[PDB]
Amino acid sequence: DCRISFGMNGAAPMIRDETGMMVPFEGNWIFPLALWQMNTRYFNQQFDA
Amino acid sequence: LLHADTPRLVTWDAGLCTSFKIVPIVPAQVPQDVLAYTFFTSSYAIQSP
Amino acid sequence: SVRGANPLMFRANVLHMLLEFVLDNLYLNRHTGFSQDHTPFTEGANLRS
Amino acid sequence: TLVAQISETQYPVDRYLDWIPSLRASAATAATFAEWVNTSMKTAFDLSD
C-alpha cells in the first residue's frame with residue numbers, strides 16, 4: 001500500500017512507508033518488483049524527475 | 001384436466017448475482033486549478049471498480 | 001396526470017414490486033470456469049470468466 | 001521431479017532453485033508446463049506416439 005499525496009503550496013510529496021509513516025522523495029528505499037509492475041505508469045511520472 | 005402446462009422451474013444464471021448498481025450522478029472535475037491532472041488515476045486510463 | 005400517483009395505494013404497489021423482485025431473482029448459479037492470475041496484483045488467485 | 005519444483009507437493013525433491021522467483025502453479029499452469037516437458041522429450045527421443 002505505497003500511496004502518494006501531492007504536497008501542496010510548496011511542501012514536498014509524501015509516500016506511505018510500510019510502518020504507516022509518510023516520507024518525502026529522498027534517501028534509500030526498498031521495493032519489491034511487484035509494486036513497480038503494478039504501477040509502472042503512475043510511478044515513473046512521479047519518480048523519474 | 002387432461003394435460004396442464006408444466007412450469008419451467010430449473011433455470012440457470014451465468015453472470016454475477018446482484019440487483020444493486022452504483023451509478024454516477026454528477027461528473028467530477030478532473031482538470032482543476034488546485035490539483036494537477038497527473039494526480040488522478042483517470043488520466044492514466046486505469047480501470048476502477 | 002402522467003406524473004402523479006395516488007398516495008393511498010403505495011402499499012399495494014410496493015407489495016407487487018417486491019413480489020416481482022423475488023420472482024425475477026429465482027435462478028441457479030452456473031459454474032463457468034476460472035483462470036490463474038499471471039500478474040502480481042493478487043497472490044496467484046483463480047479468477048472467473 | 002520437475003513439476004514438484006513449481007508447485008506445492010509432498011514429494012521430497014531436494015529443492016535447489018528457490019532464489020529464482022515463481023508462483024504456485026495451479027492445475028492448468030502445471031499442465032501446460034508438463035505438456036512442454038512431454039513434447040520436448042518426444043522431440044529428443046524421436047517419437048510420434
# chains A, B, ... in the order shown; residues from 1 in each chain; ligands from 1

$ interface_residues --of "chain A" --to "chain C" --cutoff "9 Å" --atoms "only C-alpha atoms" --output "PyMOL selection string"
chain A and resi 34-35+37-38

$ interface_residues --of "chain D" --to "chain C" --cutoff "10 Å" --atoms "only C-alpha atoms" --output "MDAnalysis selection string"
chainID D and resid 23:29

$ atom_distance --atom1 "CA of residue 38 (chain B)" --atom2 "CA of residue 15 (chain A)"
15.7 Å

$ closest_atom_pairs --of "chain B" --to "chain A" --cutoff "9 Å" --atoms "only C-alpha atoms" --output "JSON lines"
{"residue": "B:34", "atom": "CA", "partner": "A:8", "partner_atom": "CA", "distance": 8.5}
{"residue": "B:35", "atom": "CA", "partner": "A:6", "partner_atom": "CA", "distance": 8.3}
{"residue": "B:38", "atom": "CA", "partner": "A:45", "partner_atom": "CA", "distance": 8.2}
{"residue": "B:39", "atom": "CA", "partner": "A:6", "partner_atom": "CA", "distance": 7.5}
{"residue": "B:41", "atom": "CA", "partner": "A:42", "partner_atom": "CA", "distance": 8.0}
{"residue": "B:44", "atom": "CA", "partner": "A:42", "partner_atom": "CA", "distance": 7.3}

$ write_last_selection --atoms "N, CA and C atoms" --output "compact mmCIF listing (two decimals), in the first residue's frame"
# COMPACT_ATOMS: atom_id res chain seq x y z
N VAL B 34 -6.49 23.65 -8.36
CA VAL B 34 -5.71 23.36 -7.16
C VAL B 34 -4.82 22.14 -7.35
N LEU B 35 -5.25 21.15 -8.12
CA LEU B 35 -4.61 19.85 -8.16
C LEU B 35 -4.35 19.46 -9.60
N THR B 38 -2.21 15.09 -13.27
CA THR B 38 -1.42 13.88 -13.10
C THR B 38 -1.71 13.18 -11.79
N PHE B 39 -2.38 13.84 -10.85
CA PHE B 39 -2.75 13.19 -9.60
C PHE B 39 -3.75 12.06 -9.84
N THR B 41 -6.21 9.10 -11.23
CA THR B 41 -5.95 7.86 -11.96
C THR B 41 -6.73 7.77 -13.26
N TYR B 44 -4.58 8.28 -16.36
CA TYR B 44 -3.78 7.14 -16.79
C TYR B 44 -4.64 6.02 -17.36

$ residues_around --residues "residue 1 (chain D)" --least-positions-apart "6" --cutoff "12 Å" --atoms "only C-alpha atoms" --output "PyMOL selection string"
chain D and resi 7+9-16+34+37

$ interface_residues --of "chain C" --to "chain B" --cutoff "9 Å" --atoms "only C-alpha atoms" --output "ChimeraX atom specification"
/C:25-32

$ write_last_selection --atoms "N, CA and C atoms" --output "PDB file, in the first residue's frame"
ATOM      1  N   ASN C  25     -35.538 -12.775  -9.256  1.00  0.00           N
ATOM      2  CA  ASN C  25     -34.297 -13.378  -8.785  1.00  0.00           C
ATOM      3  C   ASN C  25     -34.464 -14.839  -8.375  1.00  0.00           C
ATOM      4  N   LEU C  26     -35.050 -15.679  -9.231  1.00  0.00           N
ATOM      5  CA  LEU C  26     -35.191 -17.111  -8.945  1.00  0.00           C
ATOM      6  C   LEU C  26     -34.465 -17.899 -10.023  1.00  0.00           C
ATOM      7  N   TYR C  27     -33.147 -17.992  -9.894  1.00  0.00           N
ATOM      8  CA  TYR C  27     -32.303 -18.708 -10.836  1.00  0.00           C
ATOM      9  C   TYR C  27     -31.295 -19.522 -10.039  1.00  0.00           C
ATOM     10  N   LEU C  28     -30.634 -20.450 -10.712  1.00  0.00           N
ATOM     11  CA  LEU C  28     -29.499 -21.152 -10.141  1.00  0.00           C
ATOM     12  C   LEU C  28     -28.216 -20.536 -10.681  1.00  0.00           C
ATOM     13  N   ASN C  29     -27.089 -20.949 -10.116  1.00  0.00           N
ATOM     14  CA  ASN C  29     -25.801 -20.331 -10.399  1.00  0.00           C
ATOM     15  C   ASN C  29     -24.923 -21.306 -11.173  1.00  0.00           C
ATOM     16  N   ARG C  30     -24.536 -20.920 -12.389  1.00  0.00           N
ATOM     17  CA  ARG C  30     -23.691 -21.768 -13.213  1.00  0.00           C
ATOM     18  C   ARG C  30     -22.239 -21.707 -12.765  1.00  0.00           C
ATOM     19  N   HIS C  31     -21.526 -22.784 -13.049  1.00  0.00           N
ATOM     20  CA  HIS C  31     -20.085 -22.868 -12.878  1.00  0.00           C
ATOM     21  C   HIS C  31     -19.459 -22.682 -14.252  1.00  0.00           C
ATOM     22  N   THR C  32     -18.845 -21.522 -14.479  1.00  0.00           N
ATOM     23  CA  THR C  32     -18.361 -21.184 -15.812  1.00  0.00           C
ATOM     24  C   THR C  32     -16.957 -21.728 -16.061  1.00  0.00           C
TER      25      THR C  32
END

$ select_by_dssp --residues "chain C" --states "strand (DSSP E or B)" --output "list in words"
residues 28, 29, 34, 35, 36, 46, 47 and 48 of chain C

$ write_last_selection --atoms "N, CA, C and O atoms" --output "compact mmCIF listing (two decimals), in the first residue's frame"
# COMPACT_ATOMS: atom_id res chain seq x y z
N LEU C 28 -30.63 -20.45 -10.71
CA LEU C 28 -29.50 -21.15 -10.14
C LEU C 28 -28.22 -20.54 -10.68
O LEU C 28 -28.24 -19.70 -11.59
N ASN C 29 -27.09 -20.95 -10.12
CA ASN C 29 -25.80 -20.33 -10.40
C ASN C 29 -24.92 -21.31 -11.17
O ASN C 29 -24.59 -22.38 -10.66
N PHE C 34 -12.52 -20.93 -14.59
CA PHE C 34 -11.62 -19.99 -13.93
C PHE C 34 -10.33 -19.85 -14.73
O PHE C 34 -10.17 -20.42 -15.81
N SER C 35 -9.39 -19.09 -14.17
CA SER C 35 -8.12 -18.81 -14.84
C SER C 35 -7.11 -18.30 -13.83
O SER C 35 -7.41 -17.38 -13.07
N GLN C 36 -5.93 -18.91 -13.81
CA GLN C 36 -4.85 -18.45 -12.95
C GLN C 36 -4.52 -16.99 -13.24
O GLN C 36 -4.69 -16.51 -14.36
N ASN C 46 -7.37 -17.54 -8.46
CA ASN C 46 -8.14 -18.03 -9.60
C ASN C 46 -9.33 -17.12 -9.82
O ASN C 46 -10.10 -16.86 -8.89
N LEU C 47 -9.50 -16.65 -11.05
CA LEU C 47 -10.49 -15.64 -11.38
C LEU C 47 -11.51 -16.21 -12.35
O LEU C 47 -11.16 -17.00 -13.24
N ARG C 48 -12.77 -15.82 -12.19
CA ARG C 48 -13.82 -16.29 -13.08
C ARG C 48 -13.61 -15.73 -14.48
O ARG C 48 -12.72 -14.91 -14.73
